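This document starts with one chain, in the form deposited in one PDB entry, laid out as structure tokens.
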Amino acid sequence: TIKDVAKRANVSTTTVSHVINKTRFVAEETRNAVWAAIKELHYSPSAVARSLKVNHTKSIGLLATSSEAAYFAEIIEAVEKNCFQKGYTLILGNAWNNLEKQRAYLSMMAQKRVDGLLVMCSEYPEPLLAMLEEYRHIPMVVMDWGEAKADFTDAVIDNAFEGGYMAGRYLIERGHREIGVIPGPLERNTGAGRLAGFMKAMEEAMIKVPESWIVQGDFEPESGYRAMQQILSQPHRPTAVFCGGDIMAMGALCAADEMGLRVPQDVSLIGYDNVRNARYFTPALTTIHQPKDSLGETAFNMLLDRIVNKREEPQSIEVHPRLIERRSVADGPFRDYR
């Protein structure tokens, strides 16, 4: 069809291309004629044909876990922006932590020739780290690891440990000592890593967390609902609680309220993520903020680099969580004593 435009403008295709891409000088009239034909015929250059020759689709892929979760959704939407303001088109794929699903997507992606790969899989078993190496060619960056798990990728690091620690400290400094904790999957950095940062602070404070007080969650509100229930559904209960993620916390709040508890008069609760609608939780949620836009942009920007400037060496950039004081934490029994 570039033919059809060309013969209607009475010029070569080679010319038609040139005016379209401003790849070289074309006479005014000539350039106008082409436009005219271009308009009449109603022409839309084939991006596929072109990519075939230029060798790049100007389109990147997202091998994600899930897209509904607040945490996720925000990151992605940020990524989309960056892609768009820089020409890239975005292919989104959710693996659901399912190997086959991830193997399939990884393939469709390579075949559809994505220019780069944005990886957010949550849990990375060896089998997965393997598949990834098989694609060490297509440039990529994992955005959800605690450290550099490999050498064939660029990685961005959230410092979820120094966050957990920050969370613990606050509680401590608020006068708390009987603290419980509902963490997210341990096979996750955002789970196991935040937890540990937490426990460190606990140890330096000589605080012990009774195991009847640590309840695993899956980051979904329902899980936090059941964890809170268990923690308070017992003889001795803590005076404060550290929740792995905001959306689980929102589920902790519910149960608390459902059992006549008052947060934070009865129980203080601190979460982690700082989701967009956190402030509108009842009460406004005190939590640890994860820079999600900066995560998105910073990842997209690493990929581009490697992409354009053909970099080959691994790169890892750190990002930092920070505390956000809202209205869900109350002073503790030992506050005055410090």
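For the two forms, the rigid core is made up of the largest set of C-alpha atoms that agree within 1.5 Å on superposition. The first residue of the shown sequence is 1; numbering continues from there.
Not pictured, yet referred to below: the form deposited in another entry.
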Rigid-core superposed between this form and the one not shown, candidates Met143, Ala201, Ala240, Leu253; the one over the 2 Å C-alpha cutoff or at it is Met143
By the 2 angstroms cut-off, has the C-alpha of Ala330 moved between this form and the one not shown once the rigid core is superposed? no
- prompt: Has the Cα of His289 moved 2 Å or more between this form and the one not shown, judged after a core fit?
  reply: no
Check your understanding: Would the C-alpha of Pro210 be classed as shifted by 2 Å or more between this form and the one not shown after rigid-core alignment?
Key -> no
